[PDB]
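What follows are structure tokens for two forms of the same protein chain, given separately as structure 1 and structure 2.
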Structure 1
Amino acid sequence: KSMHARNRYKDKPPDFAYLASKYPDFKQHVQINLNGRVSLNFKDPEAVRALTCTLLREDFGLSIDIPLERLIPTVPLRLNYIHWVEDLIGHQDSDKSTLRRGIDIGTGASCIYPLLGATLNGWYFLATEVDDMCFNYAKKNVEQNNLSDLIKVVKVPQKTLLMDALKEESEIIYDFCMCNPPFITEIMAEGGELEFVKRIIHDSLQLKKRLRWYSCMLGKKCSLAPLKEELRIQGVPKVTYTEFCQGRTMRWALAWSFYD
């Protein structure tokens, strides 16, 4: 399955030529290809950073500052997750009177899911990070876009996930959590992604209805089936999944709930 139908980049892909004409810091990172078209080297982190900062500024009015030494997100791909969560929670069929409350697990230096969700929909976020650099940058990025009344960035300890974040300080009910990557013997090892999502499932079995939906965007096709099986085993009553992509960058979205 392709881009989300409501993704703005579905039928308006980024125009490199337009962006080069308007943004001189972006222009210094593009070149002309064989076809005579403005292009970008997607293996150069400086160029990828410029594209991402430029798109956020152009299409969302967001100014962000991010390091070369931490993950640089790809904006069109992230929007698919935002629109999917919108579908999960019934966002299209409600109005502004309903405030929504999300958790972004491992928000990254860009704090991108909360910035997009707060900007587009006025959603609140608790945004967690274990990494010091990512935490600091995420926090500057929220503050420089004046979104700290909607987005609370928190450094959490290394070993913790959802439960340790949600105590007497917490909101009673959250609408969703979000999470994406990175995360002789016959038996294959679980690997990083499968282990990590299983920690989310484990916390969800304690929290139950304190969140309306648990979700995670998977980077590996092979994660999906064993995650579904673990959910079946545990009696989780409502499971849904789908797929999204931006060119070759593929994702498998999985969400579950303890509500009927």
Structure 2
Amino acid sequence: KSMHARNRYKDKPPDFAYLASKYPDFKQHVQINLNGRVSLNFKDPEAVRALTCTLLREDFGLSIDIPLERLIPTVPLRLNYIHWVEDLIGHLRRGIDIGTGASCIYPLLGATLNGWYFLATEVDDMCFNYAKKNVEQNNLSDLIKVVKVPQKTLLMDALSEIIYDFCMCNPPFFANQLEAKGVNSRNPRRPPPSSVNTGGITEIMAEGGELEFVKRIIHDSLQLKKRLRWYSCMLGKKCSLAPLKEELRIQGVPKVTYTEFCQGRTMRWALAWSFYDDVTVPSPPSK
């Protein structure tokens, strides 16, 4: 497995020792392992925040501030999704980010890399305030409009004649507290993750989990149809993909595809669909 072919971290992992020598705010959070190598404890929210903020500055020229009480996005995963959206839409382009988080990372990356315009929505006060500040401090307010909404949905007032090229979304993966704790395992001694989940409740849980959340997005798409060229959603769980493709098929959606986002050990998936007859459909990963 490999990251997306255009992902700048493919076969080029960041050099933590180089980053620590150049960025004192990163060096503050590193550890030295028993090989004498600069390393990170990815279970420490401050360390992973420092890494993400430092990568965005050094590699993308973006300065962001984010809280420890909300999700800390990881750059290679988010880039894998941006590059897949480039493939979908055939890369002025306009997108919608549903639930943009405190980092506003998808709009910041898309506007910086490709000059895309974004409508970026958020339901959480803390995430909304940080997202607005991160857009403003990177001088991207002309390209990115951050809006506070009551629900994560495509059926918004901010939408009437502008046709969007795409939507993207990181849906809340989990339906309940046992799922969010990761304890639904065959064996109690299953190794724990190397990461930590700092997400807020509206970032990580939803009624019915990502399966029911994405079904609601699908039913929103059945009302909007051609208002957006491509609909897309990340999936945190492999077992969500088949039931969601079958929901699209039962509802008669003509064009459907999917992909895998590969980075580290944690895989993510994503689903995309369209009602247009013109668009080319990117192939899913080979069998």
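Reference numbering: structure 1, starting with residue 1. Throughout, rigid core stands for the largest set of C-alpha atoms superposing within 1.5 Å between the two forms.
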Discussion item. Core-aligned, between structure 1 and structure 2, one residue among 61, 235, 191, 226 moves its CA by 2 Å or more. Tell me which.
Written reply: 191
Worksheet entry | Large Cα shift (2 Å or above) at residue 148 between structure 1 and structure 2, core-fitted | no
Practice prompt. Verify the C-alpha shift of residue 116 between structure 1 and structure 2: is it 2 Å or more after superposing the core?
Written response: no
Item to complete: Would you tell me if residue 82 moves between structure 1 and structure 2 by 2 Å or more at its C-alpha, with the rigid core held superposed?
Response: no
Worksheet item: Cα of residue 160: shift between structure 1 and structure 2 in Å, core-fitted?
Response: 4.4
Worksheet item: After superposing on the rigid core, how many Å does the CA of residue 34 move between structure 1 and structure 2?
Response: 2.3
